[PDB]
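Consider the single chain below, provided in structure tokens and representing the form deposited in one PDB entry.
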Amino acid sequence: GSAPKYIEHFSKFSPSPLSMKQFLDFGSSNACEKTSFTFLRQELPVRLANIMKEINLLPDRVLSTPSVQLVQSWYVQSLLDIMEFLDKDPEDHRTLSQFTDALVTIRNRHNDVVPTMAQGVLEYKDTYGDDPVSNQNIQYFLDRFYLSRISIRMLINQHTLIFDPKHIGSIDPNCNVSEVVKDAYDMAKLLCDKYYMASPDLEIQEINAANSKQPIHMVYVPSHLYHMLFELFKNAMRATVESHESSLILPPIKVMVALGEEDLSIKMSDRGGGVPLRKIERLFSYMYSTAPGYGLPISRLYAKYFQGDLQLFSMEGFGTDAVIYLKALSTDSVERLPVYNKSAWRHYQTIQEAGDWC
């Protein structure tokens, strides 16, 4: 009966963002897991507590819903699971071993957090409505919550994958962007053909500004890149196919990979008919995009995770451009993490009722 105490304790700490460079170190090759165990024993509780403190700051009509209470219980359990190691000592190759076991079990426990929370949004929409202010708070909270989760899963995956070499856990220090683009395209095409029995082709072009014909590589988490590209290819294919089911030409999806001094950008262009500017804004909203998925908003979080971004801009009547912005340098790739503050406390005080424009 001491979860609230712990949450209060660790919530007093600020999570420590790691750089892609630091990740390579922690994963080195021989950088013992002792260092990782001692670091994670403190860091995970800090991150868990921080987002838990914020969850408890939600309105009671949101808090008492079955969904929020359910995941709030997974977090509580996960927190206690890790506490068990604070007064334990490395050196014992059994302490470390059961810690890894502990992490995998925590990971599984949280496997369905996204859909579970999505169920809370649907419930709220029918129980209280879909006004702009509700959309803003949901958007504010879910971006932080999901981003926080993405980072906890990163730490955990890094530890379990390494303490089980060219790849350093989920990080590829020599990630060939175009290869990941093709992979995601191929998967999307497979699905596209099963459902539409037709699919647009792919054209890839890259611009290595400083080194003209040298293949573009970067230090990154390939699965994160795959997730984003896969989501974008799915929308681009669907839009292209549906907007041309009475035409016979099916234009290709053109992708450009540009490497600049600090940006490594990936544009995916389609001639899927485009979308009116006003609906674009709703495509990234968890609420407005829930019924009766969250691919875009969540993909954007993965991009923001390492100081990148993901933006959309179409031309109604023509097509849409989707761009993924990543940091080209490993030195600029540092975790973007949310933190509990009075700054964040005041972001849920929206008392809207008549704007500043007419």
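Don't overthink the numbering: it's just position in the shown sequence, from 1.
There is also a form solved in complex with a small molecule; it is not shown, and the following applies to it.
Put simply, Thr320 is close to the small molecule in the entry with it bound: some heavy atom of it is within 4.5 Å. Residue contact with the small molecule in the entry with it bound: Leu301 places no heavy atom within 4.5 Å of it. Although the partner is absent here, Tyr226 sits far enough away that none of its heavy atoms falls within 4.5 Å of the small molecule in the entry with it bound.
In the entry with it bound, the small molecule sits within 4.5 Å of a heavy atom of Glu316. Among the residues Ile216, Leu79, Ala239, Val181, the one placing a heavy atom within 4.5 Å of the small molecule in the entry with it bound is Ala239. Think of it this way: in the entry with it bound, the small molecule has a heavy atom of just one of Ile324, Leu296, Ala328, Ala49 within 4.5 Å, and the residue is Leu296. Figure note: of the listed segments 264-272, 202-210, 79-87, 181-189, the one touching the small molecule in the entry with it bound, with heavy atoms no more than 4.5 Å away, is 264-272. If you check the small molecule in the entry with it bound, you find no heavy atom from any of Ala198, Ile249 and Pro252 within 4.5 Å.
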